[PDB]
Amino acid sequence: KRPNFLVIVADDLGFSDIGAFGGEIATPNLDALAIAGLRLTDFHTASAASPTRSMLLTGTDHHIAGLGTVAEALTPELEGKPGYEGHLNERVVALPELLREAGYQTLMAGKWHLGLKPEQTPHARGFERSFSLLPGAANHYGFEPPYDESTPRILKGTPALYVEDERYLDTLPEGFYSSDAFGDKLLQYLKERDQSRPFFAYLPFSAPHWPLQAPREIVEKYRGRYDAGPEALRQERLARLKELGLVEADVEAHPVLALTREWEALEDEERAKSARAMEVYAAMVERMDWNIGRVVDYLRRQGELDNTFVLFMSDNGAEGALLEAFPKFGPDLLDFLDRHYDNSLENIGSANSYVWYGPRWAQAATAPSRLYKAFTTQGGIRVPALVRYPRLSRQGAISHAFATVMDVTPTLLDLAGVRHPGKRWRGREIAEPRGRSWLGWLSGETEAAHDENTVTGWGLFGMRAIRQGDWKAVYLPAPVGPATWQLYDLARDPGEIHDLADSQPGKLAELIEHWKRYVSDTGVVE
């Protein structure tokens, strides 16, 4: 009995949004998985979507795999460089390619974000069956603005570009809502499976990523729930994180840093609309969880769930971006949205609204961590994760053992009884995994998969981190940080509040050495 796999990825879901991670959002299906399984409080991704996904499916660093930066930010000084191709590339072999070789039915419904051309599709990279959004985002209902020269760059880069296998779709199914479509499709594939062989089911939702949109009936259930604002929410989340044992009672949360007005400085109409966006966000997360529950309910009724290794994670920190703030060259976003969408209060959450919830709502969900998505601080890279598989010894608990997204490919190969092919595959030199199999740790033979000498690097958008054991050095450039290395003891200071660069210069110098090894071994160009 080799197990099935179900790998579910939420897009920009915050650490404490789910019930079992301290949240007020109704997420019964994930809660059941989480509490029965093992909740990870020290699991890490990259600081953005496509780099994480590249890592999840290869077991190595994103700077090797083709996503050295995000496809959308490829300049002339990076384009051409090895591992900056903007898609999953020729120097790695993807997890599903390997499982498919070894008998698995490879099934996917969700966001891809690992390439847009036929040769880069889930179908080209080892999925037998796939229903996929190829870009990093799109309107959840398939409502499209006009595409021409006057269109903001962020919109141009996020069309509703869907493929099913090799067919680039002409229209979308009737009543399309991304999360429901992905649920419908994976369920179709699972119902149509060869019941006698195992599956690798990949369910990368695009919820709860902007634009924030969800069925009215679900939005209505959160009416008034967020009227006290993101700081009142953050305080709630912190108290619950402590009560549940996910964060230690004495942890000091990092201060909230945002350039927007705080809740109490907002006019009544601005508040109502910002609260409505968080309600919509909450609805997206509940609807995602509902779709996950349809998938899981079917597996359970088939007698397969207990023999399915279930991994759930978010792909990066909660999204605190202000889309209007980035001097993305080209046409003005807000002015465009003003002419083509309706963001009045009663419309927010529909197909022809386009909202994001901004930095303070995001910091409520990353707390006690510092900042949010696209930073290399813990806010942007520490994400919620659960593993549910009853054969493992470590279930029903909260673990603070360090782990990364690079661990997942090796863990799953290990469980499938498939050896990584080493340095060659299909007549081509390839990278080997930098992660480590969780199986020792999760079977109870070891206390963790890594130890005090494990070294890990992150690098994206000009930011850096390097970690050894619990010691982490961070580099944030201007204007969002001091453009120097700061040193943190994550065991004592999970908030990354107390810079120890002057107190422990030897420790810092050691980490800077590791940082350079990282740069040279993964091919970081900054």
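When you see a residue number, it is the position in the sequence shown, counting from 1.
Per-stretch averaging of Cα B factors for 477-485 and 24-32 places 477-485 on top.
According to the PDB record, 85-93 carries the higher mean C-alpha B-factor of the two stretches 85-93 and 402-410. For the set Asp332, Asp289, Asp306, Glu236, the PDB entry assigns the largest Cα B-factor to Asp332.
When the C-alpha B-factors of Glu346, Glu279, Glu128, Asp315 are read from the PDB record, the largest value belongs to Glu128. Annotation for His63: CA B-factor lies in the middle third of the chain's modelled residues. Sort the modelled residues of the chain by CA B factor and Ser132 lands in the middle third. In this PDB entry, the Cα temperature factor of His498 sits in the middle third of its chain's modelled residues. For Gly224, the recorded CA temperature factor ranks within the lowest third of the chain's modelled residues. The entry lists a Cα temperature factor for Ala364 that places it in the lowest third of the chain's modelled residues.
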